[PDB]
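So here's one chain in two forms, each on its own in structure tokens, numbered structure 1 and structure 2.
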Structure 1
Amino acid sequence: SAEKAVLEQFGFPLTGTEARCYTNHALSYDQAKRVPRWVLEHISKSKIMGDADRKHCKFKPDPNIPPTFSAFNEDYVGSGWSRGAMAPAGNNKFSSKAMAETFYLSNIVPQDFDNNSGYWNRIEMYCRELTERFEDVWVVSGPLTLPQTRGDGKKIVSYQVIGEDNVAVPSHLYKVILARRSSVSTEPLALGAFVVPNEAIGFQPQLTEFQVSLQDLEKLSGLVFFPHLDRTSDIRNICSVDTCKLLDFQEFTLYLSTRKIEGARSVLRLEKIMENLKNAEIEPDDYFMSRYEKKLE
């Protein structure tokens, strides 16, 4: 192959798409859009429990990404968009290093403010909730810039770029969920693929509304998820063997109020929570009350 040797004289162009691995999540970086292409993580009940704190971590450029192709906090702040992490920080309570690697900008995309801490947040919580029914949960997340047909019939992909480095703002976010009940069972695996628009949503629509077939998502994203997964074998819809239903307004508001006290140093903060709970029309469940009287010390 002498002809091939001259062709490679100076080397092929580099795309920087090789898989980058961290202490509890891997990803492939898109050097052109300056966002991750896909982010893989494994969740177990053992991992979502720990002492790693979320406010001792800062969003910073991944020092493994060439600064030329890296994004920076200056691109997000005040751009009208938020820094949305794909590998959730909450999935790494067990390790402080793992949680800190979640805050590398290689793992975050521009995300609607309401969608981030709202609907998408609830999807991230449901993933952690599956750990109580499945010993192993694999999740794959990433951005999407999807087309949209217009009056004259033709389809146009259109997406915003923000900051000096032009970080691509996706029109949708995808999340594939693969769950197996036990390490020693051979139940069919539970699989679910979902595509959510990058915008405020609310509580009306059920997560089933956003479900799509795996092979479809693979077509719109140009990826092949879980190659080693024997597709000839029997695989079942995650939503037929589970709930696929996020927290309602009352549950979500209470969960936040329950977790807000854990970081409430002062007694004044606890007062506001109740005043806000009363302003919310909710009826404080006894669980929150048990975690209310213990922290009044």
Structure 2
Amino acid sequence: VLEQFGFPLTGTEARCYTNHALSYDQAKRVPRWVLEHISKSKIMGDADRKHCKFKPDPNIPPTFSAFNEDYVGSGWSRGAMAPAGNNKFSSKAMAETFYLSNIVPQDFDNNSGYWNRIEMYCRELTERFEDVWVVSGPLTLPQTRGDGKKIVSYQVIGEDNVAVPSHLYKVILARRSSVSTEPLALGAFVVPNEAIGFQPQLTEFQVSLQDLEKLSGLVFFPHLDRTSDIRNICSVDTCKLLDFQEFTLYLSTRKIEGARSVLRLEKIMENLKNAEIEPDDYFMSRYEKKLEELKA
């Protein structure tokens, strides 16, 4: 009798795509969590975000979907939780990361800077671990005022009132190999949704997993054996993001992956040379292999 006309629906079921899964927040119009698994093969290939378009997820009821009109002109950028750069292997997978079900309102500088560098480090880990799992998502955390009152405040944007998070979180779980007798590596990080420089190290944003679960109301990787050997990812690995020089270099390399015209190449080396940087052996070895191909 109680359930004669059904229980209310919260819409939090896991939604699976080609190379990520998420749970959606219908009230805030953003994901609660986005889970991915990266390996060196996934991050290679010819998929190109220039052929992709942000758009509502066709599997989300339109009443609870965000739309591009919510974001454009808002002063907030569209920030993908599963990044396009993790899906070079499949045009379909990359396009599915442009569904707004994967997007939160993100500070432009953060999206293009510190958070970008965290994503780059997650990819770097596949050079050292066979398997890497990442859960990313938004948070709206309280601030404590001087009188002890704790208050959650956040902006909502657009006709659809899309929630702008105060912070973003990432949980990284890395397994060296399938046969490894070695412990798993785990780290949880919470970063404010704002411009962050190159000075603060990633460890300054590290939190215990239990604290993140309390803050987010989520349980991550719930099948994990609690007596298994898990260590702090920042003690068995570096947790070292790219510095300015290496970040500018990396970006330039990503740009030599692409080739459109000569004068473009000119502008590239122009801005790069205004900041010195001696091309290290890697960017050179990757410079000739492409230069030859292009003049061919």
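Numbers given to residues start at 1 and step along the sequence of structure 1. Only the largest set of C-alpha atoms that superpose within 1.5 Å between the two forms is called the rigid core.
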Rigid core superposed: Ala264 CA moves 2 Å or more between structure 1 and structure 2 = yes
C-alpha of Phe288 off by 2 Å or more between structure 1 and structure 2 on rigid core | yes
Supposing the core is put in the same place in both forms, how far has the CA of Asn279 shifted between structure 1 and structure 2, in Å?
-> 1.5
For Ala200, tell me the Cα shift between structure 1 and structure 2 once the rigid core is superposed, in Å to one decimal.
-> 0.3
